[PDB]
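Below: one structure, written as structure tokens.
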Amino acid sequence: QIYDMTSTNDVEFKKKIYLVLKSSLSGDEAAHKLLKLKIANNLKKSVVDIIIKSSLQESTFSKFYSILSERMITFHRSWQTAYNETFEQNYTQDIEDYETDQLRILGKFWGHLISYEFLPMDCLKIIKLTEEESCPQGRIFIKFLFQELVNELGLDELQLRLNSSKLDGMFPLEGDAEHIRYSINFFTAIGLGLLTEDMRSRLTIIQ
Amino acid sequence: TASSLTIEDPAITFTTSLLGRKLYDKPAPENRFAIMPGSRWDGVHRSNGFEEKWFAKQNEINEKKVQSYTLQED
Amino acid sequence: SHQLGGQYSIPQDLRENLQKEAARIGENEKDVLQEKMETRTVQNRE
Amino acid sequence: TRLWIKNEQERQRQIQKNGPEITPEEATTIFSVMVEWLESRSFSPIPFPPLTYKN
Amino acid sequence: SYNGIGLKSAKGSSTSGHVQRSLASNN
Amino acid sequence: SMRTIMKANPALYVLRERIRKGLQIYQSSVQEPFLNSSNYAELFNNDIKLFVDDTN
Amino acid sequence: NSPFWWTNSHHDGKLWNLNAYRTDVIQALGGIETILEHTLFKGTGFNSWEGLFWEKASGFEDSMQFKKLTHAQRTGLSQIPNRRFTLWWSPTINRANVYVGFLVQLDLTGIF
Amino acid sequence: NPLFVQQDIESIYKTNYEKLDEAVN
Amino acid sequence: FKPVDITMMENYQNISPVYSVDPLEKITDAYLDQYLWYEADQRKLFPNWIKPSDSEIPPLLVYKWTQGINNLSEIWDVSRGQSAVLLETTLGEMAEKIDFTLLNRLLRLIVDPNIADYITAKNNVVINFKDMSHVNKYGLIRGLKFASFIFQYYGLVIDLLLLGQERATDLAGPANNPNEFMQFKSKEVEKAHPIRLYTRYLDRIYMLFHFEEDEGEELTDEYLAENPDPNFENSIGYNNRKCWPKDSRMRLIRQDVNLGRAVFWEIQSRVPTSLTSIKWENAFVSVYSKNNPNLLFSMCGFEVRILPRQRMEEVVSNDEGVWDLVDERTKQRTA
Amino acid sequence: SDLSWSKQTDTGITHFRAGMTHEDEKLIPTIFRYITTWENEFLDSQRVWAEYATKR
Amino acid sequence: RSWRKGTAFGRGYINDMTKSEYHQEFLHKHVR
Amino acid sequence: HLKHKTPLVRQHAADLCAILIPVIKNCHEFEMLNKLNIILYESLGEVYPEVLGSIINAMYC
Amino acid sequence: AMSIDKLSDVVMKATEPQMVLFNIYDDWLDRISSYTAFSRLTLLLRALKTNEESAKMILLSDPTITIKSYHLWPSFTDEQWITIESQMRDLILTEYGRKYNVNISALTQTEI
């Protein structure tokens, strides 16, 4: 019995996907190919890992990888859980690596999935803004996310989504002064700052 | 990298010699080694004109490594 | 003086800032034909 | 190409015979249009390249 | 079956004319 | 003797040259022979082979 | 025709890069080794395929002759580069496995 | 770019007798 | 000058001519060309709208024309009666219809008379092809290095006739601070005139009108007055994009069709038959209105249609080849 | 998709048709993958020239 | 109606192949 | 060096054969001259005149 | 071989008799033939055999270049390998000069 420290079993499966992906005009005919392989539920978790990466090597964001996922997320609910779980793996573990450029490609990539509801938006619950726990790269990830997530919806429609999503750690209204002075500080810098108009009352009352 | 992040960051918004010898202030002419003129420099170019001619050769040699392949044909 | 659309190339007033430099710095440059004009005249050997 | 050149020659002979198609009225109005525009823009006519010209 | 899709025939084609339904676009 | 005949014969060597002049191919460097050696280059013939080291 | 009429790459700079295409194709064909199973690469007797260089004909064409060439000499195309292409790919372009075809042996050789 | 550095590099290993003699002694 | 040889290059559908001038004359033509462009661009001769210009590759031009259409005020609002109209018309034999008696003058304005003479005379040349030869007594010869400058200048002469002086002063801005390609000073300067944007790309013309029930109905009233059409056949010779499907192509409706024909009627009447030939066959008009959601055109090689996101009725996640047009101010995506 | 309806609705993509015959699973990458689309370049040049100007 | 006012200009079979009407249409297109 | 791409190196490869011939013969290798000679024969259809000239020179030696 | 980080980490910990696969070439065989790969490998072992720590200094200089979780050797580009083969090439000579006290300009090229 032989342990394998080689990834040769895996590397063969990064090719197969990446080549299916670098053929294929448009994204709907590269979503035909993947769904035509009938990948096992074991790997379907880690096929999304490849698609996100091949998105980051691409030097700019594209609508290909968006619609490739959109056609795929609606196919079967097993791929619902593959993107939902890989938005957590990125934000927590895998943001620590990325250059300030590849955060601009991720931000727009989870922008189209959230703003069209494919994600949905309660999967953004993990985002927590504190001085204590945040990666500076983690901050840049959100900055690019809302710049995208505002553009489509328009910041008036965005409030309608944020108000229904009961985001706690991200929009704390309950106390902890510095945190609300922080969250407010953050969204003024991004250039939206209207989402804080509600929270700007809670400071002055507590102040 | 570090620069980029510490920059592309909202939080930042909220807030000279190798051996400690005095260093100049205003922008100096560029140089092969990037050394910075001493605090005492008057600020006039004084040069034979070589240091600029080395760049022209430096750029040339660095260019014809690219031009050689790209102009290749068959 | 509001723009329509946006800026995608470089800001408009920045090109003239560049194209003015080429007049300032260029008159000291000795262009290709300017060089060969002098090289011809024997005094460059001396 | 032989046919095309024949139509060109036919066209130009017929413009010799019939004359120009502008009429002097239209030409006058066009000329007025230009002059008024170039005054509005205060244009400096392009000179002839001097003996010693910078460029 | 030929349900209105594909080609009149694959001769002038340059392809085989194999038509397959798309898995991506259904719902 | 075959190891040394493959690399010696003027006739064979004239195939190997004449093919190259046919293909119009050149190899850059010329150091290459400053690297490794004859019986060394033997291993990479496709047959399957192994090495064993018991020092450890 | 210069099919790029919409750019001066001096002013605009080069607006695309296809470098990655070349590597990705190379691994879509199975890598450099399986690509070179189809060639004479081993015939040449080079050890490694890494530094191969093909003669670029762009060099010496100008000084062939001037006045002298006969019509065919000057206008016609040289068969020499196609011969280079069919020597390099010979063992696929000539292979015995063929569907329908007949053996011949060249006069004094053992080449079928 | 050439597909391979080894073309563009123009040379591989040229031993420097001056540095080694300094580094050895 | 020496004679000028012709050959024809085959494009398999077009066959196009090619002029080869002699090198001694090629050098003076080249120097003269480069010089005139340097001065004329230095002194702000040609306004912004004329444009196979230096700053923007053609696809960038197309993208700024769409973004420009969107960002201008109120277009997509149909709340009352409003409408919008594009034109695309090729000026006809613009190079073939030039007259050198008129050239020589119009250049004597803008250039020293020696160079105006050299240009006007450089377009008489015996044109040789094998046996055949003829003196070129009438049109422009496009194979001369400065024929670009001549061509664009004569196009400006046409362009002022189309826009008028008032509007052209408005689009091109004041001489002291000339505008950029799409700009104005205030919203008032836009709204003061029904022609909002204009461009020219060599032969082609692109115009965009914004009308209301008042202006539009006045137009269609006068066009129906001088070209009365009782049989409702205005939709026969009316041409539109066939690349798109029916649903999303331009819907034909008497109000819209009579606009298109009326706009093209007016502008056809602005330019004389002598300078160039503006025909309905070569013009495409598309009317955004109550009943037409799409706005169609084609610049360069592209073919674009612009849905305002208001009228999409359902908004689907999008493919690759679809632009999303932004309102610079709020930075939403409205189209 | 649907040559008969595509004259009217824009049915979308219902089906695919084989372009060229690639034996079995062997897939050759196409260009349109390696060229960044014009929007993405213009929305890049916006930010890139803006940032350049700020740094200057 | 200020906009309309402003402008300056505002408001048989021949027997032959080459001089015919069908022919000019031909060289009006394919010779571009 | 007669297999090297840069045509200068193929000059100096052949220019150094014309020198060694009088020494090779004194050492009495006639099996080692016929090896150089054939190799200089198969290259005798070279394109570069600067290189083709010096190969004939070594052939003449 | 035992002087490498990964392999020592596996052989020290493992408490059973067992087989373990590795790929010594990481992914070098994409851009490199097996010949030159084996050649660089033996150079990386010969400089690790002799100097050790000072060779590992040559490998681990820049932390920006990272060994992946899969591979053994740090992932360089082609040119960084072309220089590192020259440094690893140098340690053998400086060390030889230290050992036999021969100033190395006294050697014939073949001897090098």
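Quick note on naming: the chains in the structure tokens go A, B, ... in the order shown, residues restart at 1 in each chain, and ligands are numbered from 1 in order of appearance.
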Interface residues on chain M facing chain G, 9 Å, only C-alpha atoms, written as an mmCIF file with C-alpha atoms, in the first residue's frame:
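Here's the written file part_38.cif:
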```
data_model
loop_
_atom_site.group_PDB
_atom_site.id
_atom_site.type_symbol
_atom_site.label_atom_id
_atom_site.label_comp_id
_atom_site.auth_asym_id
_atom_site.auth_seq_id
_atom_site.Cartn_x
_atom_site.Cartn_y
_atom_site.Cartn_z
ATOM 1 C CA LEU M 29 8.570 18.287 -17.596
ATOM 2 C CA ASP M 30 6.164 20.773 -19.134
ATOM 3 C CA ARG M 31 8.967 22.978 -20.380
ATOM 4 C CA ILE M 32 11.973 20.689 -20.052
ATOM 5 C CA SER M 33 12.957 17.346 -21.477
ATOM 6 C CA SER M 34 13.671 14.451 -19.151
ATOM 7 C CA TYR M 35 17.352 14.727 -20.064
ATOM 8 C CA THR M 36 17.939 18.262 -18.851
#
```
Per residue of chain I within 10 Å of chain K, what are the shortest atom pair and its distance in Å to one decimal, counting only C-alpha atoms, with rows by chain and residue number, as a Markdown table?
```
| residue | atom | partner | partner_atom | distance |
| --- | --- | --- | --- | --- |
| I:8 | CA | K:31 | CA | 8.8 |
| I:9 | CA | K:31 | CA | 9.8 |
| I:10 | CA | K:31 | CA | 9.1 |
| I:11 | CA | K:30 | CA | 9.2 |
| I:12 | CA | K:30 | CA | 8.7 |
| I:13 | CA | K:30 | CA | 5.8 |
| I:14 | CA | K:30 | CA | 4.4 |
| I:15 | CA | K:31 | CA | 4.5 |
| I:16 | CA | K:31 | CA | 5.7 |
| I:17 | CA | K:31 | CA | 7.8 |
| I:160 | CA | K:7 | CA | 8.3 |
| I:161 | CA | K:7 | CA | 6.1 |
| I:162 | CA | K:7 | CA | 6.9 |
| I:163 | CA | K:7 | CA | 7.0 |
| I:164 | CA | K:7 | CA | 4.5 |
| I:165 | CA | K:7 | CA | 7.2 |
| I:166 | CA | K:6 | CA | 7.2 |
| I:167 | CA | K:3 | CA | 8.5 |
| I:192 | CA | K:3 | CA | 8.9 |
| I:193 | CA | K:3 | CA | 6.2 |
| I:194 | CA | K:3 | CA | 7.1 |
| I:195 | CA | K:3 | CA | 8.4 |
| I:215 | CA | K:1 | CA | 7.7 |
| I:218 | CA | K:1 | CA | 8.9 |
| I:219 | CA | K:4 | CA | 9.5 |
| I:265 | CA | K:11 | CA | 9.9 |
| I:266 | CA | K:11 | CA | 7.7 |
| I:267 | CA | K:10 | CA | 8.2 |
| I:268 | CA | K:10 | CA | 9.2 |
| I:269 | CA | K:11 | CA | 5.9 |
| I:270 | CA | K:10 | CA | 4.7 |
| I:271 | CA | K:9 | CA | 6.5 |
| I:272 | CA | K:9 | CA | 7.2 |
```
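Residues in contact with residue 13 (chain B) at up to 12 Å, not including ones fewer than 2 positions away on its chain and judged by only C-alpha atoms, are residues 185, 186, 188, 189 and 190 of chain A; 6, 7, 8, 9, 10, 11 and 15 of chain B.
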Residues of the last selection are to be written out with N, CA and C atoms, as a short mmCIF file (atom, residue, chain, number, x, y, z; two decimals), in the first residue's frame.
```cif
data_model
loop_
_atom_site.label_atom_id
_atom_site.label_comp_id
_atom_site.auth_asym_id
_atom_site.auth_seq_id
_atom_site.Cartn_x
_atom_site.Cartn_y
_atom_site.Cartn_z
N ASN A 185 -17.20 54.40 9.41
CA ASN A 185 -15.97 54.91 8.84
C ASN A 185 -15.69 54.23 7.51
N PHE A 186 -16.03 52.95 7.41
CA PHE A 186 -15.64 52.12 6.28
C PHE A 186 -16.45 52.51 5.06
N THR A 188 -18.10 55.25 4.47
CA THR A 188 -17.84 56.60 4.00
C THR A 188 -16.64 56.61 3.06
N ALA A 189 -15.67 55.72 3.28
CA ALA A 189 -14.47 55.71 2.47
C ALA A 189 -14.75 55.10 1.10
N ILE A 190 -15.59 54.07 1.06
CA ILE A 190 -15.94 53.42 -0.19
C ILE A 190 -16.61 54.42 -1.14
N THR B 6 -1.66 48.68 1.28
CA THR B 6 -1.74 49.77 2.25
C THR B 6 -2.39 51.00 1.62
N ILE B 7 -2.40 51.02 0.29
CA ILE B 7 -3.03 52.07 -0.47
C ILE B 7 -4.47 51.70 -0.76
N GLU B 8 -4.67 50.72 -1.64
CA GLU B 8 -6.02 50.33 -2.00
C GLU B 8 -6.84 50.00 -0.76
N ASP B 9 -6.51 50.62 0.37
CA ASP B 9 -7.18 50.30 1.62
C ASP B 9 -7.98 51.48 2.20
N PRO B 10 -9.28 51.23 2.57
CA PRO B 10 -9.97 52.39 3.16
C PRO B 10 -9.42 52.87 4.51
N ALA B 11 -8.95 51.94 5.34
CA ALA B 11 -8.50 52.28 6.70
C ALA B 11 -7.35 53.30 6.73
N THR B 15 -6.13 57.60 9.19
CA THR B 15 -4.98 58.09 9.95
C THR B 15 -4.45 59.41 9.36
#
```
- Item | CA of residue 84 (chain I) to CA of residue 288 (chain I), straight-line distance in Å | 5.0 Å
- Select all residues from chain E having any atom no more than 7 Å from an atom of chain A (counting only C-alpha atoms, ignoring ligands), output as a PyMOL selection string. chain E and resi 22-25
Where does chain H meet region 51-72 of chain B within 10 Å, residue by residue, with the nearest atom pair and distance in Å to one decimal for each, counting only C-alpha atoms, listed by chain and rising number, as a tab-separated table?
```
residue	atom	partner	partner_atom	distance
H:1	CA	B:69	CA	6.8
H:2	CA	B:69	CA	6.8
H:7	CA	B:69	CA	9.7
H:8	CA	B:65	CA	7.4
H:9	CA	B:65	CA	9.3
H:10	CA	B:65	CA	9.8
```
Those residues you just picked out, can you put them in a file as a short mmCIF file (atom, residue, chain, number, x, y, z; two decimals), in the first residue's frame with C-alpha atoms?
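In the end it all went to again19.cif:
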```cif
data_model
loop_
_atom_site.label_atom_id
_atom_site.label_comp_id
_atom_site.auth_asym_id
_atom_site.auth_seq_id
_atom_site.Cartn_x
_atom_site.Cartn_y
_atom_site.Cartn_z
CA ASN H 1 8.64 35.96 -27.02
CA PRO H 2 10.49 32.82 -27.95
CA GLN H 7 17.21 30.57 -27.31
CA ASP H 8 16.97 34.11 -26.03
CA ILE H 9 19.58 33.62 -23.29
CA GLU H 10 22.45 33.56 -25.80
#
```
- Message: Based on only C-alpha atoms, which of the residues in chain H come within 9 Å of chain M? I want them as a ChimeraX atom specification.
- Response: /H:4-6,9,12-15,17-18,20-21,23-25
Any chance you could export the current selection's C-alpha atoms as a PDB file, in the first residue's frame?
```pdb
ATOM      1  CA  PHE H   4      12.039  28.914 -24.809  1.00  0.00           C
ATOM      2  CA  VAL H   5      14.433  31.089 -22.826  1.00  0.00           C
ATOM      3  CA  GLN H   6      17.348  28.938 -23.892  1.00  0.00           C
ATOM      4  CA  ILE H   9      19.577  33.622 -23.288  1.00  0.00           C
ATOM      5  CA  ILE H  12      24.182  29.178 -20.387  1.00  0.00           C
ATOM      6  CA  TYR H  13      27.249  28.784 -18.168  1.00  0.00           C
ATOM      7  CA  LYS H  14      30.443  30.730 -18.683  1.00  0.00           C
ATOM      8  CA  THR H  15      32.679  30.092 -15.712  1.00  0.00           C
ATOM      9  CA  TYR H  17      37.762  32.516 -13.087  1.00  0.00           C
ATOM     10  CA  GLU H  18      38.024  35.839 -11.248  1.00  0.00           C
ATOM     11  CA  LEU H  20      36.010  31.857  -7.919  1.00  0.00           C
ATOM     12  CA  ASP H  21      39.625  32.742  -7.204  1.00  0.00           C
ATOM     13  CA  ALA H  23      35.775  33.171  -3.251  1.00  0.00           C
ATOM     14  CA  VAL H  24      38.197  30.295  -2.744  1.00  0.00           C
ATOM     15  CA  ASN H  25      40.969  32.274  -1.061  1.00  0.00           C
TER      16      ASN H  25
END
```
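CA of residue 18 (chain E) is found 7.7 Å from CA of residue 6 (chain E).
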Any chance you could tabulate, as JSON lines, the residues of chain G at most 9 Å from chain H with each one's nearest atom pair and distance in Å to one decimal, using only C-alpha atoms, in chain and rising number order?
```
{"residue": "G:19", "atom": "CA", "partner": "H:1", "partner_atom": "CA", "distance": 7.4}
{"residue": "G:22", "atom": "CA", "partner": "H:3", "partner_atom": "CA", "distance": 7.9}
{"residue": "G:23", "atom": "CA", "partner": "H:3", "partner_atom": "CA", "distance": 8.0}
{"residue": "G:50", "atom": "CA", "partner": "H:4", "partner_atom": "CA", "distance": 6.9}
{"residue": "G:51", "atom": "CA", "partner": "H:6", "partner_atom": "CA", "distance": 5.8}
{"residue": "G:52", "atom": "CA", "partner": "H:7", "partner_atom": "CA", "distance": 8.0}
{"residue": "G:53", "atom": "CA", "partner": "H:7", "partner_atom": "CA", "distance": 7.8}
```
Next, write the just-selected residues to a file, as a PDB file, in the first residue's frame, keeping N, CA, C and O atoms as the atom set.
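Here's the written file out_15.pdb:
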```pdb
ATOM      1  N   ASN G  19       0.510  35.199 -26.117  1.00  0.00           N
ATOM      2  CA  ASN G  19       1.543  34.308 -25.590  1.00  0.00           C
ATOM      3  C   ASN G  19       1.016  33.072 -24.909  1.00  0.00           C
ATOM      4  O   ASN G  19       1.531  31.982 -25.134  1.00  0.00           O
ATOM      5  N   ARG G  22      -0.042  29.844 -26.871  1.00  0.00           N
ATOM      6  CA  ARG G  22       0.969  28.939 -27.379  1.00  0.00           C
ATOM      7  C   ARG G  22       1.296  27.808 -26.410  1.00  0.00           C
ATOM      8  O   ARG G  22       1.479  26.682 -26.870  1.00  0.00           O
ATOM      9  N   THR G  23       1.336  28.101 -25.113  1.00  0.00           N
ATOM     10  CA  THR G  23       1.551  27.071 -24.123  1.00  0.00           C
ATOM     11  C   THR G  23       0.316  26.196 -23.967  1.00  0.00           C
ATOM     12  O   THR G  23       0.432  24.948 -23.921  1.00  0.00           O
ATOM     13  N   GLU G  50      15.102  21.389 -26.396  1.00  0.00           N
ATOM     14  CA  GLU G  50      14.802  22.681 -25.797  1.00  0.00           C
ATOM     15  C   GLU G  50      15.357  23.815 -26.600  1.00  0.00           C
ATOM     16  O   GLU G  50      14.661  24.788 -26.830  1.00  0.00           O
ATOM     17  N   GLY G  51      16.572  23.673 -27.093  1.00  0.00           N
ATOM     18  CA  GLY G  51      17.158  24.755 -27.844  1.00  0.00           C
ATOM     19  C   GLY G  51      17.132  24.698 -29.353  1.00  0.00           C
ATOM     20  O   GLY G  51      17.965  25.341 -29.961  1.00  0.00           O
ATOM     21  N   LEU G  52      16.194  23.955 -29.946  1.00  0.00           N
ATOM     22  CA  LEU G  52      16.152  23.789 -31.415  1.00  0.00           C
ATOM     23  C   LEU G  52      15.888  25.098 -32.057  1.00  0.00           C
ATOM     24  O   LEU G  52      15.179  25.916 -31.498  1.00  0.00           O
ATOM     25  N   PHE G  53      16.478  25.333 -33.216  1.00  0.00           N
ATOM     26  CA  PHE G  53      16.276  26.580 -33.923  1.00  0.00           C
ATOM     27  C   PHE G  53      16.161  26.259 -35.394  1.00  0.00           C
ATOM     28  O   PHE G  53      16.975  25.537 -35.952  1.00  0.00           O
TER      29      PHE G  53
END
```
- Query: Taking into account only C-alpha atoms, which residue in the set J:50, J:13, J:31, J:3 is nearest to chain C?
  - Reply: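 When distances to chain C are compared using only C-alpha atoms, the smallest one comes from J:50.
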- Task: as a VMD selection string, list the residues of chain L assigned to alpha helix (DSSP H) by DSSP on the backbone atoms of this structure.
- Result: chain L and resid 7 to 15 17 to 26 33 to 42 49 to 60
- Item | Polymer residues at most 12 Å from residue 22 (chain F), only C-alpha atoms, same-chain spacing of 2 or more positions, as a VMD selection string | (chain F and resid 14 to 20 24 to 26) or (chain G and resid 40 43 to 44 54 to 55 80 to 88) or (chain L and resid 42 to 43 45 to 46)
Store the residues picked out above, limited to C-alpha atoms, as a compact mmCIF listing (two decimals), in the first residue's frame.
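Output contents, as saved in again_33.txt:
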```txt
# COMPACT_ATOMS: atom_id res chain seq x y z
CA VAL F 14 26.67 11.85 -42.65
CA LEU F 15 23.08 10.71 -42.19
CA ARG F 16 22.86 12.74 -39.02
CA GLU F 17 24.30 15.79 -40.78
CA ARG F 18 22.42 15.34 -43.99
CA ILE F 19 19.08 15.12 -42.19
CA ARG F 20 19.85 18.36 -40.37
CA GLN F 24 17.43 23.18 -41.71
CA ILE F 25 17.82 22.89 -37.98
CA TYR F 26 20.45 24.27 -35.69
CA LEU G 40 12.34 12.99 -36.96
CA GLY G 43 16.94 11.08 -36.17
CA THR G 44 18.84 14.27 -35.90
CA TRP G 54 14.87 26.60 -37.39
CA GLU G 55 16.65 28.61 -40.03
CA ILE G 80 12.62 24.06 -50.11
CA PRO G 81 10.48 25.04 -47.12
CA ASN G 82 7.76 22.51 -47.86
CA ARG G 83 10.41 19.80 -48.05
CA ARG G 84 11.56 20.88 -44.61
CA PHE G 85 8.00 20.54 -43.32
CA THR G 86 7.53 17.07 -44.73
CA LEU G 87 10.87 15.84 -43.44
CA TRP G 88 10.09 16.94 -39.92
CA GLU L 42 27.80 18.23 -46.61
CA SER L 43 27.82 21.88 -45.57
CA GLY L 45 25.43 24.17 -49.89
CA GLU L 46 25.36 26.81 -47.20
```
- Task: Quote the spacing between CA of residue 10 (chain J) and CA of residue 317 (chain I) in Å to one decimal place.
- Result: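 We find that CA of residue 10 (chain J) and CA of residue 317 (chain I) lie 15.5 Å from each other.
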Name the residues in contact with residue 21 (chain L) at a cut-off of 12 Å, using only C-alpha atoms, excluding same-chain residues fewer than 2 positions from it; report them as a short mmCIF file (atom, residue, chain, number, x, y, z; two decimals) with N, CA and C atoms, in the first residue's frame.
```cif
data_model
loop_
_atom_site.label_atom_id
_atom_site.label_comp_id
_atom_site.auth_asym_id
_atom_site.auth_seq_id
_atom_site.Cartn_x
_atom_site.Cartn_y
_atom_site.Cartn_z
N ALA L 14 35.05 26.90 -39.27
CA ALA L 14 35.72 26.48 -40.49
C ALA L 14 37.05 27.20 -40.68
N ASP L 15 37.21 28.42 -40.18
CA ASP L 15 38.48 29.11 -40.28
C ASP L 15 39.56 28.47 -39.46
N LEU L 16 39.18 27.74 -38.43
CA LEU L 16 40.15 27.06 -37.60
C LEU L 16 40.42 25.67 -38.11
N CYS L 17 39.73 25.20 -39.14
CA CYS L 17 40.12 23.95 -39.79
C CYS L 17 41.28 24.20 -40.74
N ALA L 18 41.26 25.29 -41.48
CA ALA L 18 42.30 25.54 -42.43
C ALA L 18 43.66 25.69 -41.74
N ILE L 19 43.64 26.03 -40.46
CA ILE L 19 44.87 26.14 -39.69
C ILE L 19 45.39 24.79 -39.21
N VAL L 23 48.96 20.62 -39.32
CA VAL L 23 49.35 19.97 -38.09
C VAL L 23 48.76 18.58 -38.01
N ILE L 24 47.53 18.40 -38.47
CA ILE L 24 46.89 17.10 -38.42
C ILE L 24 47.67 16.11 -39.30
N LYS L 25 48.13 16.55 -40.47
CA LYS L 25 48.84 15.65 -41.33
C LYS L 25 50.18 15.24 -40.70
N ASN L 26 50.87 16.18 -40.07
CA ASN L 26 52.13 15.85 -39.40
C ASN L 26 51.92 14.82 -38.30
N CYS L 27 50.79 14.89 -37.61
CA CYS L 27 50.43 13.88 -36.64
C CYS L 27 49.93 12.58 -37.30
N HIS L 28 49.75 12.60 -38.62
CA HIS L 28 49.45 11.41 -39.41
C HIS L 28 48.11 10.81 -39.06
N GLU L 29 47.08 11.66 -39.02
CA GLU L 29 45.72 11.18 -39.02
C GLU L 29 45.11 11.47 -40.38
N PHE L 30 45.03 10.42 -41.18
CA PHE L 30 44.30 10.46 -42.42
C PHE L 30 42.90 9.89 -42.24
N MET L 32 41.23 11.02 -39.63
CA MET L 32 40.65 12.20 -39.03
C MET L 32 40.59 13.37 -39.97
N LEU L 33 41.24 13.28 -41.13
CA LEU L 33 41.02 14.32 -42.16
C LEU L 33 39.77 13.96 -42.94
N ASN L 34 39.63 12.71 -43.36
CA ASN L 34 38.45 12.32 -44.10
C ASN L 34 37.15 12.53 -43.32
N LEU L 36 36.73 15.36 -41.31
CA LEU L 36 36.52 16.78 -41.52
C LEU L 36 36.06 17.04 -42.94
N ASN L 37 36.63 16.33 -43.91
CA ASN L 37 36.39 16.65 -45.30
C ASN L 37 34.95 16.37 -45.66
N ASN L 57 37.60 27.02 -48.30
CA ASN L 57 38.99 27.26 -47.97
C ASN L 57 39.59 26.05 -47.21
N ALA L 58 38.86 25.53 -46.24
CA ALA L 58 39.31 24.36 -45.53
C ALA L 58 39.28 23.12 -46.41
N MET L 59 38.35 23.07 -47.35
CA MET L 59 38.33 21.99 -48.33
C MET L 59 39.62 22.05 -49.16
N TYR L 60 40.07 23.23 -49.52
CA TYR L 60 41.26 23.39 -50.33
C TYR L 60 42.50 23.06 -49.56
N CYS L 61 42.48 23.21 -48.24
CA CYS L 61 43.62 22.86 -47.40
C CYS L 61 43.70 21.36 -47.24
#
```
